[PDB]
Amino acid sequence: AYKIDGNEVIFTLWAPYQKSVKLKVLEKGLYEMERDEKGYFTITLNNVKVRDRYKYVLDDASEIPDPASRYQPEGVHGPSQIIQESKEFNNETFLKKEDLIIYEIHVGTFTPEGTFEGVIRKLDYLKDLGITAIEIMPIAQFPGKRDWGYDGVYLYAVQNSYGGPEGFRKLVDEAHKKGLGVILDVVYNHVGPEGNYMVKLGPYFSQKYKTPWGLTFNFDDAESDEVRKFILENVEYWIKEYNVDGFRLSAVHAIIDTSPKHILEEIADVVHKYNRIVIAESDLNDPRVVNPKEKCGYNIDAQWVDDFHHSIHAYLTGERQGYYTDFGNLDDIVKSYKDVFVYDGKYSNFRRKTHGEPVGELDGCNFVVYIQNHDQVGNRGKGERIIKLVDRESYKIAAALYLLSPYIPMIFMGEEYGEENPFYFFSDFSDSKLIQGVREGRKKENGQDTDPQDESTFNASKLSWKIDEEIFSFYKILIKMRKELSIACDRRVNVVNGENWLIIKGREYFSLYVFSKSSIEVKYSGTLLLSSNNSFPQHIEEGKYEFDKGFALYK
């Protein structure tokens, strides 16, 4: 994009497809740019200040925003803007992976405001709940106001309608004062379908394959050095310019790289260079994502493990559609509890292939688990939260299973107080083809009948903030007991199961998960820390008990 250099500013556009490019500074001038042989265009200017707006005009005289824009005040087709530029950052995150309890937030819907300011207003509540890091869904500028974020199209530009650069920086600074970390969801596997102008510039995109969401970045073919650079500088930029704590990488199985060093390893190298954390959403069931270099891995800090969610959801709801077909047994939950992946190199009927690989001795803090998140709610056609799909006891049992697991737990916004509103897929394109495409694709892929482009679809997805006190208090105590029992990262657990029950015993605790009234042989003693109802004894000893449906934590 641009580099401020005392009182001058250098503009750089990578555009090998283009014979000649002009810098257009709105209400100032047009300036010819110098071309190097790799196709970078440069010009250094003296008359540019903060708030100045610009575009680049191409060979065919067409005008485009800066692909590396730091701010798009008028959206994805408007001009780019020069910004404030406080390059101020801590050399370390204070976040410790082992203490991580994550809370996923969609900014537009989290709060009536729908902005960063709205999330600042909730920091005290979040802190008090006991979360240690917030995970922000993508903020790279996308079309309109209503989008999950995965249609982001300007990787360095903070969404205008969320409050732009200033709002986000204020959010992170305020989060830090309250002792909360911020994790940014970033998308390096594709670009959204409206408002991306990189195709006219050079081979940003791979000819080699496609994601379900668009063409993917070119990391390993002709001219890919510069595209690797575009992505790697983006990770550096979020750290230095916004003092962000870490990242959640969208769909790393869709980032394909046959280079000698995988771009995923380089991504982690940048984040580790600045002592930050990265988490990968990976559908590979392959420890290489998370293995250290010495074990041939990319050394990413942790990965999402859908198998854990899927085990719990399928078993508790009886659902078997789509990917749930691969799950549904109690055994699947115990397998994920013991071995992390259910598919650790076993035939998948859903995938029609052998899937995954065992994880070895990696500790629990290489993985993140959840009973809810924006996908497991929002990719449902009716967008239902799991609260609508199981009874109250099972909801509490589910919450306990993940929050007391050895893995890093992630809470979906609202889950903790028993939110009941759906979370739908919504979008805000203005290109009529994409408007028709999204409705038709989403109806077909997801069975979504609400219109993604209809504002009511977004309004309906806003949190109500209607507190179920009994559920909220139950979450708070879970989170606190997790910390006090040193549950985190520790995979040394013993698991016994019968038909309709599970007992899980760690170093300092044991839990009873009674799915259905059962006579159970309890091999341990302890004192009761928390229970989902009042039927469990305060002190229990070794013996046989007939329990009603519920959950209890001892010791």
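One rule holds for the numbers: they count along the sequence shown, beginning at 1.
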Is the mean CA B factor in the deposited entry higher across 494-502 or across 22-30? 22-30
Comparing 367-375 with 436-444, which stretch shows the greater average C-alpha B-factor in the deposited entry? 436-444
Of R380, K208, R482, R385, which one's C-alpha B factor is largest in the deposited record? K208
From the entry's CA B-factor values, the highest among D339, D391, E135, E98 is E98
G75 CA temperature factor, ranked by third within the chain: highest
Could you say whether, by C-alpha temperature factor, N90 belongs to the lowest, middle or highest third of its chain? highest
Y554: which third of its chain by C-alpha temperature factor? middle
Just say lowest, middle or highest third for the CA B-factor of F219 relative to the other modelled residues in its chain. lowest
Among the modelled residues of its chain, does the C-alpha B-factor of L171 lie in the lowest, middle or highest third? middle
